[PDB]
Every structure is written in structure tokens, then in C-alpha cells.
Amino acid sequence: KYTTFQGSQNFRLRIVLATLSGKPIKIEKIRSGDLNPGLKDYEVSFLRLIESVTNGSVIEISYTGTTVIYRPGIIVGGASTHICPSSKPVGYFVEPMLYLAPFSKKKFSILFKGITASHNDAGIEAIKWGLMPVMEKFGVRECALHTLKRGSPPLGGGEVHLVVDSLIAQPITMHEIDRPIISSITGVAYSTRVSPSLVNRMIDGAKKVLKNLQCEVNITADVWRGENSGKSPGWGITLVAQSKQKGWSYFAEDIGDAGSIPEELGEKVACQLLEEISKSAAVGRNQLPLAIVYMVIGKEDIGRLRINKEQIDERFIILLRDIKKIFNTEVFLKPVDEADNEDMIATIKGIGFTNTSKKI
Amino acid sequence: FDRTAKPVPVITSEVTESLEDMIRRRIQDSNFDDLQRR
Amino acid sequence: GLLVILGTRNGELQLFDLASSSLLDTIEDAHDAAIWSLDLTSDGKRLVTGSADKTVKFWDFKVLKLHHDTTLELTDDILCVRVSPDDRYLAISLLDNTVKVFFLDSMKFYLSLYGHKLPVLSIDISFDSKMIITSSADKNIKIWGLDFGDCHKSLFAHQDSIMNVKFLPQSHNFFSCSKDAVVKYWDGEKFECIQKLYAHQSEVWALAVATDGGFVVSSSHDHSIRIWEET
Amino acid sequence: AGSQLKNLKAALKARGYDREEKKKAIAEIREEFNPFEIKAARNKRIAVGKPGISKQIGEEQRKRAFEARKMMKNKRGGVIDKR
Amino acid sequence: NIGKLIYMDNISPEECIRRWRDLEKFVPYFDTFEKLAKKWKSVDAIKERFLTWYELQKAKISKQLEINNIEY
RNA sequence: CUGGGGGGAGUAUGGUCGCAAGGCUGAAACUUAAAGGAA
């Protein structure tokens, strides 16, 4: 009855694609050979978020906690709130909701409450400026991540209002057979519960690395003053590179911690962004998952998107293996017919997806 | 079922606290709605 | 022990001891103008002198003589220095209402603590190297968390001027002696005033805490030097 | 006998840059000079109840019960935590 | 080569990348900051990346259909 | 030195685009100085 996976890798993508496809899965051996074996609290609260979003889906955790049974149900949405734990920020829970977000009965108006940022997760500016435009040109038109207040780790206390309100039928078929020309490069440097000079130090470091490329650099600056600052000191920086003729974007972020020089963090995020531009072609290394997920749940046509050589990795092909494991589809990597670079063009024939939850 | 009017409010510690700090704001700004002698 | 470093009003530094006579050596032209504050490192081999010629300088002990090797010129008259008690930070108080925290190992300019609103006297770094104090002529001492440079309290003491402020050895309690003939004992957790000691008659210019145990001496303008112990 | 205002001025002269002493003194005089949030009976041979505190816990209890039932009302799934 | 390597599913993904030459972590793998500093001290590597209605709908859908054929 | 919407006097506005309130300043990450304001 159940499609069986092993191990606690790609856990959110497995539960998300099972909710999209409507197929009952089992995930077996959730870190069974470990000292505290089983599911952790942040992924258990992600399961609670899935039960909040859907309706009629039965999730069945075992005694030992090392295997989970997800029999999915209808995405209904509604208005909710999610008090996610301190182990993961709000980006860890709003990232897998952007897949399920445009395919529900009622529009997503959720506000997550917890830590805003993390080193190894998505931020508010990451989710917004990077991951909303790829949905914005995959077919949705009204999506917004609002910050009402933001909380840096460890105490956090920041709330984030994810509101999507375009309930599309299916995402359109992508046709990106080009490398998009980067028109500008902008960003946002944020700081909470610290001095307002750290933001300008971060901005000056990032722009002194960026100054030798002949484009236009613009980094916006926000210090957070008052109750909107949260319960902990923190600061961070997120740059995007913006192709304006099509709308594409390539982002890179990080946050500082106890003992971190802001010019160091600014130049680090600037060089990390330029390396993402190098290893990128029409997507980012982190915008690539939901890009090819929307290409695989588009119409029953061929949609083609250009990628480069260095975007192929163990993460990307374990994504492709999980996609084929759930709903039996392959990607076809055809190479381009010009040879100053190594770029494939991934053509995916999408499954015949519609959202059948939206009332007619 | 539908009901005719709202019930009489129960007076708890939260509503006495809110009412008292309202009174304190008025009484430290001298926002008094008294009669003024002609 | 048995050895004293000292800096004078004019551009001179001096070294003395306990067993022998006065002068090991003096260094004429140790600074261009008035020296204001020096600090040893916790091992003692390397000391820092900040002076009103808008410079700080570093000195090493070569064998028992002083070796000037590096000098950091600022835009403004530095008037206090301190290092952390674990060789980690160099916090220097400028005349321009701010302090700067550097890394000793890089001259890295970690932090700039700002917002005191008059020129700023004595600093102190805590034993865990996490919490600093900042005294000034604004009649208040500010507590700063050194990890992100974030302020914690801005407690108003001492209605004339806090001349000096010093931690205890092992705790986050501290003392502050001021220009209005009073020393004051505080804690760094509730930020109460533990005690308000009232024995001097005039401006208390300095105080020094024991390295271990924690009895504190205070010395003032009425030519008095007095000891403070536990009950 | 003497006024509550006269006894309140006497209590302030009694209690008199420390903070927690003022927090303690203010909370003490507030819960002392607020007599309408206790209830007193008459001993026929005395604070016998705390009406506002009992009311607020009795209504916050059913408030969270009502929000829990409103959350349950049109659900059909549930995680089955066997741990 | 690469598609057969991806969908040949008895070999590890790092073995696919090795014989061609993990998603809870959202931000991707970068180098050390020092290696990236010496790599991107230069800038010239990426300077060329930097710088009627009814018949209209039918034309869009026939354009998609000819894309379908020429990519089949 | 050719180019033109449609009367006069008003009224309303759950539409769209704007401009605009708070609230002693200093003063926030700091319940913090001097000085000023107000009464």
C-alpha cells in the first residue's frame, strides 16, 4: 500500500510530495542506530503543521519514533498559527508550505511564531526575495511573507505572516532556454537589538567586494527598533542579484553570531553570492528544488529549464530519485548546442496535475 | 441556538487591572471630567 | 610582584622595583602628550599605554626593559585602556564619547560602543570576558554585553562623576568610586545597589580590588586610603 | 475608625537606586489596600475567598477548552503519537 | 550518461558524481571563506553574465504543441 | 496664430490613486546625563 523510504533525509520533501501526489508513504529507520533514535521535535511539529494545513490525512508515528506513516488528504488551508520550536526557525516551516500553498480550498493565511533566522535554513528575506519570484513566474501572482516582528536566536520571539491568495489550478510550463542577464544587484542588511552601525559596516563590506563588477549595487538597510526587534541580539545580510527583464533572482544570505565582524560577514555573503552566480544558470542552487517541483506538477506538457554543470550534486539527484520514487517521472537532460560552457536543459513532462480542492 | 443579548460581564482580575491603570493614566495626567464652577 | 610600571602627566614613562633603588629605567618620549591609562596583559609581558596625543602604543618586556614595537594612532584623544583578563579584547575609551573594542591578536576593531554623551572614563571587563562596564562624567555607568555589543542597563548612580569602576575577582559584582565622595557596590545580575559606602570626604580618585579573595582599597582627594573587607 | 487614605499615606511613609524593594513594596501595598478582590466572612466564634482570581482562572479554563473544541470541530485526521 | 547515472538507482549519489567526474540543510554547500576570498578577489569570470485574442490563445497553445513535438 | 469636450450651481462616496495621525525631546540594544519644553 505504502511507498517506502529509508532514513531521515529529505523528510519535508517526502511529506510534501506525498501531499501533492496523494500517495501513502512510509518513512522507515528515522535515525534508528543513534543514541536518541527517532523523530526530532522540529519534524514532529512539521507533521503537526501538515495536519493543520490538510484535512483527512492520517499520520501514524510508531512506538520507537523511528518510522512514520503518512496517508495524505485534501489540502484545505484556512487561517492558522504555528508556534514552531527553537530547534528550527520559521523558514524551516514556511519553505515546505510554499509548495502546498497555491493548491488548497481556502487561501494560506498562516503566521509562524519563533526564531527568524538560522545559519542552515531559510530567512525571511531568503523566502521572500528568492523563493517568491520563482513562484511568481511559475504562476502565482499574490504571495507575501510579512514580518510583524522578528526574533534572532536563541530566544527568538518573532512572527511571520505567510499569506498566499492566488489559488491556481496548476503551475505553468516553464521555458527558460537562456541564461538571464543580471540587471541589478540589491539586498537587505538587518539588525535587531544591537547598534545601528553594524548594518552600515555589513553594507560597506559587501559593496567593497562588489565594487569591481560594472553593474549597480544597492543594499537596503533596516535596524529593528522596539518590540519588533525580538528577544535576542542578532544581525545578518542577504543579497540578491536581479534579472529584471524576466524577473529572475539569485540570492545568498547569512547571519552573524557571538564574536563576528560585520565587514567580514558582509564580504563573506558577497563572495558567496558571486559564487552562486558562477554556479548558477537561470535558477539558484537553493531555488532549484521547488522550480523543478513546479515543473513536474505543471500541465501534461514539456517544460524546459536551463541548468549548469555545477548545480548537479547528490542533493539534486536524490531529489530526482525521490520524485521518480513517488510519481514515476523522469527528467531529460539535453545539452545545449554551444560549447563555451557546460549547461544542460532539463525537460520535464509534468504530470496531469490540477488542484481539485478549490470549489467551482 | 441564537441568544438574545450578551450576558452581564464577569468582573475578573484582568478587567479590574485594565480599569485601574486607565484610572491611573487619567489621574496622573489630571484628565478629570468634573463640573466647573460658573 | 616587587616591580612597578608608571606613566606621568608629560611624555614620560617610568619603571621602579621594591628591593633596589628608584629607577630601573625611565623612557623619555614614551608619548608625545599626556599619558592617560596603561594596562598589563594577564601574563604581564606586554603592556598597553594610551595617551592624549591621540595614540595608543604597545610595549614588551625584553631582558627588564621596555620595547616599543607598534603604535595605533586614532582620530581622538584616547583616555582609557583595558585588556580582557584572558588576553582576548582590548577596550579603549576615547574622548569622543565612545569606546572601541579591538581584538589584541589582530587589531581587528570588533566593536564600537556608543551613546554615553560625555567623554568616558574607566572601563572594566568581566572574568568570563562577556560583560563590560563603562563609566563616564555623565553620572551613570552602562553595562554592555560584549558578544554583540548590546547594552543591558544604563543605571544612573553618583550625582557628580564616576571616576573608576572595577569588578570583583570571580563574580559579576562590581564597585564604582566617584567624584562625589562615595563608593558603591553593585551586582551585575539584578543591577541593584548592594551597598552605598560613605567613608570618604572628597573626590575618590581611584580604587583597586584584590586579585583573589576580594577586599578593595579606595583612595581619594582628602589624602586618605582606606580598606574594605567582608563582614 | 481612621480613613483608608490616612492609612495609605502612613503605609507609604512606612515603606519609603534599588528596584526590587519598590516592586515588592508596591505589590504589597496594592494587594493589601485592595479589599474588594478578597472576600471576608464574619467569624461567629477573615479572608475566605479570592473572587476575581477564581473567576479569571475559571473562565480562562473554559476559554482554552472552547478554542480546543473549535480547533477540533471540523478535523478528520490527527497524528497518532505512539511514543 | 548523466541521466542513466541519475536513474540507475543501485549506486550512491556521490558515486554518480564520482563516476561522472541532505535537504534539511537549505543553504547550499560553499567553500571555506578563505578559499572563496582568493577565488573571488578577481571579478572578470562572470562579467558577461552581468551587464485577435482567440487566435492569440490558439497561437500560444500551438506554440506549446510544436515545442512538445520538437522536444519529443 | 493649429490642437476642443459639452451647460450652470451644487451634494453624497464601504471604489482607485495620493497626502496626512500618534505622542514630551534627548533616548535606544540602555527606564540613561546635561539642557530645553510644558504646566
# chains A, B, ... in the order shown; residues from 1 in each chain; ligands from 1
$ select_by_dssp --residues "chain E" --states "helix (DSSP H, G or I)" --output "PyMOL selection string"
chain E and resi 2-7+13-18+33-39+53-71
$ interface_residues --of "chain C" --to "chain F" --cutoff "8 Å" --atoms "only C-alpha atoms (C1' of nucleotides)" --output "list in words"
residues 117, 138, 139, 140, 142, 150, 151, 152, 153, 154, 155 and 156 of chain C
$ select_by_dssp --residues "range 22-81 of chain D" --states "strand (DSSP E)" --output "PyMOL selection string"
chain D and resi 39-40+47-49+79-81
$ residues_around --residues "residue 74 in chain D" --least-positions-apart "6" --cutoff "12 Å" --atoms "only C-alpha atoms (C1' of nucleotides)" --output "PyMOL selection string"
(chain A and resi 52+54-56+76+78) or (chain D and resi 68)
$ write_last_selection --atoms "C-alpha atoms" --output "PDB file, in the first residue's frame"
ATOM      1  CA  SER A  52      -3.112  21.884  10.268  1.00  0.00           C
ATOM      2  CA  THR A  54      -4.556  19.396   5.216  1.00  0.00           C
ATOM      3  CA  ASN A  55      -7.741  17.641   6.338  1.00  0.00           C
ATOM      4  CA  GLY A  56      -8.430  13.936   6.493  1.00  0.00           C
ATOM      5  CA  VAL A  76      -7.713  22.840   2.733  1.00  0.00           C
ATOM      6  CA  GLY A  78      -7.545  28.098   6.216  1.00  0.00           C
TER       7      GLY A  78
ATOM      8  CA  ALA D  68      -9.713  23.485  21.584  1.00  0.00           C
TER       9      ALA D  68
END
$ closest_atom_pairs --of "range 165-233 of chain A" --to "range 50-57 of chain E" --cutoff "12 Å" --atoms "only C-alpha atoms" --output "tab-separated table"
residue	atom	partner	partner_atom	distance
A:179	CA	E:50	CA	10.6
A:180	CA	E:50	CA	9.2
A:181	CA	E:50	CA	6.1
A:182	CA	E:50	CA	5.0
A:183	CA	E:51	CA	6.1
A:184	CA	E:51	CA	8.3
A:185	CA	E:50	CA	9.6
A:210	CA	E:50	CA	11.9
A:212	CA	E:50	CA	11.7
A:213	CA	E:50	CA	7.9
A:214	CA	E:51	CA	7.2
A:215	CA	E:51	CA	6.0
A:216	CA	E:51	CA	9.2
A:217	CA	E:50	CA	11.7
$ closest_atom_pairs --of "chain A" --to "chain E" --cutoff "9 Å" --atoms "only C-alpha atoms" --output "Markdown table"
| residue | atom | partner | partner_atom | distance |
| --- | --- | --- | --- | --- |
| A:9 | CA | E:22 | CA | 5.8 |
| A:10 | CA | E:23 | CA | 5.0 |
| A:11 | CA | E:24 | CA | 7.4 |
| A:12 | CA | E:24 | CA | 7.5 |
| A:13 | CA | E:23 | CA | 7.9 |
| A:92 | CA | E:24 | CA | 8.0 |
| A:119 | CA | E:27 | CA | 8.1 |
| A:120 | CA | E:25 | CA | 5.4 |
| A:121 | CA | E:26 | CA | 4.9 |
| A:122 | CA | E:26 | CA | 6.3 |
| A:173 | CA | E:64 | CA | 9.0 |
| A:179 | CA | E:49 | CA | 7.7 |
| A:180 | CA | E:49 | CA | 7.6 |
| A:181 | CA | E:49 | CA | 5.7 |
| A:182 | CA | E:50 | CA | 5.0 |
| A:183 | CA | E:51 | CA | 6.1 |
| A:184 | CA | E:51 | CA | 8.3 |
| A:209 | CA | E:41 | CA | 7.9 |
| A:210 | CA | E:43 | CA | 8.6 |
| A:212 | CA | E:43 | CA | 6.6 |
| A:213 | CA | E:43 | CA | 6.3 |
| A:214 | CA | E:51 | CA | 7.2 |
| A:215 | CA | E:51 | CA | 6.0 |
| A:252 | CA | E:27 | CA | 8.2 |
| A:253 | CA | E:27 | CA | 8.4 |
| A:267 | CA | E:37 | CA | 8.7 |
| A:268 | CA | E:33 | CA | 6.4 |
| A:271 | CA | E:40 | CA | 6.3 |
| A:272 | CA | E:30 | CA | 7.1 |
| A:274 | CA | E:40 | CA | 7.6 |
| A:275 | CA | E:40 | CA | 7.8 |
| A:276 | CA | E:30 | CA | 8.9 |
| A:277 | CA | E:46 | CA | 7.5 |
| A:278 | CA | E:46 | CA | 6.5 |
| A:285 | CA | E:28 | CA | 6.5 |
| A:286 | CA | E:27 | CA | 6.4 |
| A:301 | CA | E:68 | CA | 6.7 |
| A:302 | CA | E:68 | CA | 5.7 |
| A:303 | CA | E:68 | CA | 8.6 |
| A:312 | CA | E:17 | CA | 8.2 |
| A:313 | CA | E:17 | CA | 6.8 |
| A:314 | CA | E:13 | CA | 4.9 |
| A:315 | CA | E:22 | CA | 6.0 |
| A:317 | CA | E:6 | CA | 6.1 |
| A:318 | CA | E:13 | CA | 6.8 |
| A:319 | CA | E:23 | CA | 8.4 |
| A:320 | CA | E:6 | CA | 7.7 |
| A:321 | CA | E:7 | CA | 6.8 |
| A:324 | CA | E:7 | CA | 8.5 |
| A:330 | CA | E:7 | CA | 8.0 |
| A:331 | CA | E:3 | CA | 7.7 |
| A:332 | CA | E:3 | CA | 6.8 |
| A:333 | CA | E:3 | CA | 6.6 |
| A:347 | CA | E:71 | CA | 8.2 |
$ write_last_selection --atoms "N, CA and C atoms" --output "short mmCIF file (atom, residue, chain, number, x, y, z; two decimals), in the first residue's frame"
data_model
loop_
_atom_site.label_atom_id
_atom_site.label_comp_id
_atom_site.auth_asym_id
_atom_site.auth_seq_id
_atom_site.Cartn_x
_atom_site.Cartn_y
_atom_site.Cartn_z
N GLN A 9 16.35 11.63 5.71
CA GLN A 9 16.83 12.64 4.79
C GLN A 9 15.65 13.08 3.94
N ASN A 10 15.68 14.35 3.52
CA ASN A 10 14.68 14.95 2.63
C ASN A 10 13.26 14.82 3.18
N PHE A 11 13.12 14.88 4.50
CA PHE A 11 11.89 14.49 5.18
C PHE A 11 10.73 15.39 4.78
N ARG A 12 10.98 16.70 4.74
CA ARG A 12 9.94 17.64 4.36
C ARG A 12 9.56 17.48 2.90
N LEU A 13 10.54 17.19 2.04
CA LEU A 13 10.23 17.00 0.63
C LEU A 13 9.43 15.73 0.41
N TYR A 92 12.26 27.11 8.15
CA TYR A 92 12.17 25.66 8.03
C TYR A 92 10.74 25.18 7.87
N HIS A 119 21.70 29.68 10.60
CA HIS A 119 22.80 29.52 9.65
C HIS A 119 22.44 28.57 8.53
N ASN A 120 21.66 27.54 8.84
CA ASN A 120 21.47 26.41 7.96
C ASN A 120 20.01 26.27 7.54
N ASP A 121 19.35 27.40 7.30
CA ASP A 121 17.93 27.41 6.98
C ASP A 121 17.61 28.68 6.22
N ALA A 122 16.34 28.83 5.87
CA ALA A 122 15.89 29.97 5.08
C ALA A 122 15.44 31.10 6.00
N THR A 173 3.89 25.82 -17.54
CA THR A 173 5.08 25.13 -18.01
C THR A 173 6.20 26.14 -18.23
N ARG A 179 20.33 32.00 -20.35
CA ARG A 179 20.87 32.46 -19.08
C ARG A 179 20.45 33.90 -18.89
N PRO A 180 19.70 34.23 -17.84
CA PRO A 180 19.13 35.58 -17.73
C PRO A 180 20.19 36.61 -17.37
N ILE A 181 20.17 37.72 -18.08
CA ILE A 181 21.13 38.79 -17.87
C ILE A 181 20.82 39.48 -16.55
N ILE A 182 21.82 39.56 -15.68
CA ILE A 182 21.64 40.20 -14.38
C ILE A 182 21.63 41.70 -14.57
N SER A 183 20.51 42.33 -14.25
CA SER A 183 20.36 43.76 -14.45
C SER A 183 20.84 44.57 -13.26
N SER A 184 20.54 44.13 -12.05
CA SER A 184 20.96 44.87 -10.86
C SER A 184 21.42 43.89 -9.80
N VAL A 209 33.48 44.45 -1.70
CA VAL A 209 33.76 43.29 -2.55
C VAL A 209 33.07 43.45 -3.91
N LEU A 210 31.84 43.93 -3.92
CA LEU A 210 31.06 44.04 -5.14
C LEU A 210 31.47 45.18 -6.06
N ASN A 212 33.95 46.00 -7.96
CA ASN A 212 34.73 45.86 -9.18
C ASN A 212 33.93 45.32 -10.35
N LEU A 213 32.73 44.80 -10.13
CA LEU A 213 31.86 44.44 -11.24
C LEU A 213 31.07 45.66 -11.68
N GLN A 214 30.84 45.77 -12.98
CA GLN A 214 30.40 47.00 -13.60
C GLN A 214 28.88 47.15 -13.61
N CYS A 215 28.18 46.46 -12.73
CA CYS A 215 26.74 46.60 -12.56
C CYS A 215 26.44 47.62 -11.46
N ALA A 252 21.84 35.03 -1.71
CA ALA A 252 22.74 34.44 -0.72
C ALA A 252 22.64 35.24 0.56
N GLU A 253 22.56 34.54 1.69
CA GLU A 253 22.39 35.18 2.98
C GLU A 253 23.29 34.52 4.01
N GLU A 267 31.44 40.82 3.46
CA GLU A 267 32.25 40.35 2.35
C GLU A 267 32.10 38.85 2.13
N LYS A 268 31.79 38.08 3.19
CA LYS A 268 31.56 36.65 3.03
C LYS A 268 30.28 36.38 2.26
N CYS A 271 30.90 37.34 -1.44
CA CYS A 271 31.64 36.35 -2.22
C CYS A 271 30.83 35.07 -2.41
N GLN A 272 30.02 34.70 -1.41
CA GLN A 272 29.12 33.56 -1.56
C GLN A 272 28.07 33.81 -2.62
N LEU A 274 28.52 35.83 -5.31
CA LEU A 274 29.21 35.76 -6.60
C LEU A 274 29.52 34.32 -7.00
N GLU A 275 29.79 33.46 -6.02
CA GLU A 275 29.94 32.05 -6.35
C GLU A 275 28.62 31.41 -6.72
N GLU A 276 27.50 31.87 -6.16
CA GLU A 276 26.21 31.35 -6.61
C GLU A 276 25.90 31.79 -8.04
N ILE A 277 26.31 33.01 -8.40
CA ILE A 277 26.19 33.48 -9.78
C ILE A 277 27.03 32.61 -10.70
N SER A 278 28.23 32.23 -10.25
CA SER A 278 29.10 31.37 -11.04
C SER A 278 28.49 29.99 -11.24
N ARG A 285 21.08 27.40 -6.65
CA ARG A 285 21.30 26.08 -6.08
C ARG A 285 20.28 25.73 -5.00
N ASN A 286 19.62 26.74 -4.44
CA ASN A 286 18.55 26.54 -3.48
C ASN A 286 17.16 26.89 -4.01
N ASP A 301 2.46 18.69 -20.26
CA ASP A 301 3.27 19.15 -21.38
C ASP A 301 4.74 19.05 -20.99
N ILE A 302 5.59 19.48 -21.92
CA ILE A 302 7.03 19.52 -21.72
C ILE A 302 7.39 20.92 -21.26
N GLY A 303 8.09 21.01 -20.14
CA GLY A 303 8.63 22.27 -19.66
C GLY A 303 10.13 22.14 -19.49
N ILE A 312 24.45 20.18 -10.56
CA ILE A 312 24.21 18.76 -10.33
C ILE A 312 25.04 18.34 -9.13
N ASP A 313 24.41 17.62 -8.21
CA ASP A 313 25.03 17.21 -6.96
C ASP A 313 24.22 16.06 -6.38
N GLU A 314 24.69 15.55 -5.24
CA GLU A 314 24.00 14.45 -4.59
C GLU A 314 22.63 14.87 -4.07
N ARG A 315 22.50 16.13 -3.64
CA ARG A 315 21.20 16.66 -3.23
C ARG A 315 20.23 16.73 -4.40
N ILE A 317 20.31 15.03 -7.28
CA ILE A 317 19.84 13.77 -7.84
C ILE A 317 19.13 12.91 -6.81
N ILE A 318 19.29 13.17 -5.50
CA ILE A 318 18.44 12.46 -4.55
C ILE A 318 17.04 13.07 -4.57
N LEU A 319 16.94 14.36 -4.93
CA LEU A 319 15.65 14.97 -5.22
C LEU A 319 14.98 14.30 -6.40
N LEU A 320 15.74 14.08 -7.47
CA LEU A 320 15.19 13.47 -8.68
C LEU A 320 14.78 12.02 -8.43
N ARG A 321 15.56 11.30 -7.62
CA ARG A 321 15.20 9.93 -7.28
C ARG A 321 13.94 9.88 -6.43
N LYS A 324 10.94 10.53 -8.83
CA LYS A 324 10.60 9.32 -9.58
C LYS A 324 10.08 8.21 -8.67
N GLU A 330 10.53 11.09 -15.02
CA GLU A 330 11.94 11.28 -15.25
C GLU A 330 12.19 12.66 -15.82
N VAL A 331 13.38 13.15 -15.60
CA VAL A 331 13.84 14.38 -16.22
C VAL A 331 14.74 13.97 -17.38
N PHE A 332 14.75 14.78 -18.43
CA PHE A 332 15.59 14.50 -19.58
C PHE A 332 16.56 15.67 -19.73
N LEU A 333 17.84 15.40 -19.55
CA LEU A 333 18.87 16.43 -19.55
C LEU A 333 19.43 16.55 -20.96
N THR A 347 14.38 19.02 -19.41
CA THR A 347 12.99 18.99 -19.83
C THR A 347 12.28 17.98 -18.95
#
$ interface_residues --of "chain C" --to "chain D" --cutoff "8 Å" --atoms "only C-alpha atoms" --output "list in words"
residues 156, 157, 191, 192 and 193 of chain C
$ closest_residue --among "D:75, D:66, D:42, D:34" --to "chain B" --atoms "only C-alpha atoms"
D:34
$ closest_atom_pairs --of "chain D" --to "chain B" --cutoff "6 Å" --atoms "only C-alpha atoms" --output "CSV"
residue,atom,partner,partner_atom,distance
D:52,CA,B:12,CA,4.3
D:53,CA,B:13,CA,5.9
D:55,CA,B:12,CA,5.7
D:56,CA,B:12,CA,5.2
$ write_last_selection --atoms "C-alpha atoms" --output "mmCIF file, in the first residue's frame"
data_model
loop_
_atom_site.group_PDB
_atom_site.id
_atom_site.type_symbol
_atom_site.label_atom_id
_atom_site.label_comp_id
_atom_site.auth_asym_id
_atom_site.auth_seq_id
_atom_site.Cartn_x
_atom_site.Cartn_y
_atom_site.Cartn_z
ATOM 1 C CA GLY D 52 -11.554 37.735 40.866
ATOM 2 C CA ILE D 53 -8.657 35.282 40.671
ATOM 3 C CA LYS D 55 -13.202 33.889 38.196
ATOM 4 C CA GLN D 56 -10.322 34.535 35.816
#
$ residues_around --residues "residue 79 in chain D" --least-positions-apart "4" --cutoff "8 Å" --atoms "only C-alpha atoms (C1' of nucleotides)" --output "PyMOL selection string"
chain A and resi 47-48+51+58-61
$ residues_around --residues "residue 39 in chain D" --least-positions-apart "4" --cutoff "7 Å" --atoms "only C-alpha atoms (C1' of nucleotides)" --output "PDB file with N, CA and C atoms, in the first residue's frame"
ATOM      1  N   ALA D  47     -10.237  36.304  55.627  1.00  0.00           N
ATOM      2  CA  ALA D  47     -10.289  36.189  54.172  1.00  0.00           C
ATOM      3  C   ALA D  47     -10.668  34.765  53.793  1.00  0.00           C
ATOM      4  N   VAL D  48     -11.855  34.598  53.211  1.00  0.00           N
ATOM      5  CA  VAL D  48     -12.395  33.276  52.935  1.00  0.00           C
ATOM      6  C   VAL D  48     -12.422  32.940  51.454  1.00  0.00           C
ATOM      7  N   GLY D  49     -11.992  33.844  50.585  1.00  0.00           N
ATOM      8  CA  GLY D  49     -12.029  33.562  49.162  1.00  0.00           C
ATOM      9  C   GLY D  49     -11.418  34.690  48.363  1.00  0.00           C
ATOM     10  N   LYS D  50     -10.985  34.337  47.149  1.00  0.00           N
ATOM     11  CA  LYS D  50     -10.363  35.265  46.205  1.00  0.00           C
ATOM     12  C   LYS D  50     -11.191  35.282  44.927  1.00  0.00           C
ATOM     13  N   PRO D  51     -12.254  36.111  44.880  1.00  0.00           N
ATOM     14  CA  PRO D  51     -13.256  36.025  43.807  1.00  0.00           C
ATOM     15  C   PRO D  51     -12.755  36.308  42.403  1.00  0.00           C
TER      16      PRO D  51
END
$ interface_residues --of "chain D" --to "chain A" --cutoff "7 Å" --atoms "only C-alpha atoms" --output "list in words"
residues 75, 76, 77, 78, 79, 80, 81, 82 and 83 of chain D
$ residues_around --residues "residue 47 in chain C" --least-positions-apart "2" --cutoff "7 Å" --atoms "only C-alpha atoms (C1' of nucleotides)" --output "list in words"
residues 38, 39, 40, 41, 44, 45, 49, 58, 59 and 60 of chain C
$ residues_around --residues "range 15-17 of chain C" --least-positions-apart "5" --cutoff "9 Å" --atoms "only C-alpha atoms (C1' of nucleotides)" --output "ChimeraX atom specification"
/C:1-7,22-27,65
$ closest_atom_pairs --of "chain A" --to "chain C" --cutoff "8 Å" --atoms "only C-alpha atoms" --output "tab-separated table"
residue	atom	partner	partner_atom	distance
A:193	CA	C:150	CA	6.8
A:194	CA	C:150	CA	5.1
A:195	CA	C:150	CA	6.9
A:233	CA	C:148	CA	6.7
A:234	CA	C:148	CA	7.5
A:257	CA	C:148	CA	7.5
A:258	CA	C:147	CA	4.7
A:259	CA	C:147	CA	5.6
A:260	CA	C:110	CA	7.7
A:261	CA	C:110	CA	5.9
$ interface_residues --of "chain A" --to "chain F" --cutoff "12 Å" --atoms "only C-alpha atoms (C1' of nucleotides)" --output "VMD selection string"
chain A and resid 191 to 198 223 to 227 229 to 235
$ write_last_selection --atoms "C-alpha atoms" --output "short mmCIF file (atom, residue, chain, number, x, y, z; two decimals), in the first residue's frame"
data_model
loop_
_atom_site.label_atom_id
_atom_site.label_comp_id
_atom_site.auth_asym_id
_atom_site.auth_seq_id
_atom_site.Cartn_x
_atom_site.Cartn_y
_atom_site.Cartn_z
CA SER A 191 19.93 44.02 12.66
CA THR A 192 17.89 43.55 15.82
CA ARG A 193 18.76 44.55 19.41
CA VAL A 194 22.24 45.87 18.51
CA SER A 195 23.75 49.15 17.41
CA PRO A 196 22.74 50.67 14.04
CA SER A 197 26.36 50.96 12.85
CA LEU A 198 26.74 47.21 12.27
CA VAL A 223 17.52 48.17 12.04
CA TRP A 224 14.59 46.88 14.06
CA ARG A 225 13.61 49.12 16.98
CA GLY A 226 11.22 48.34 19.79
CA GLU A 227 9.02 45.31 20.29
CA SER A 229 13.20 43.57 17.43
CA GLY A 230 12.57 40.37 19.34
CA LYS A 231 14.18 38.88 22.39
CA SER A 232 17.81 38.47 21.31
CA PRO A 233 20.64 40.37 19.63
CA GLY A 234 21.28 39.47 16.04
CA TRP A 235 22.24 40.79 12.64
#
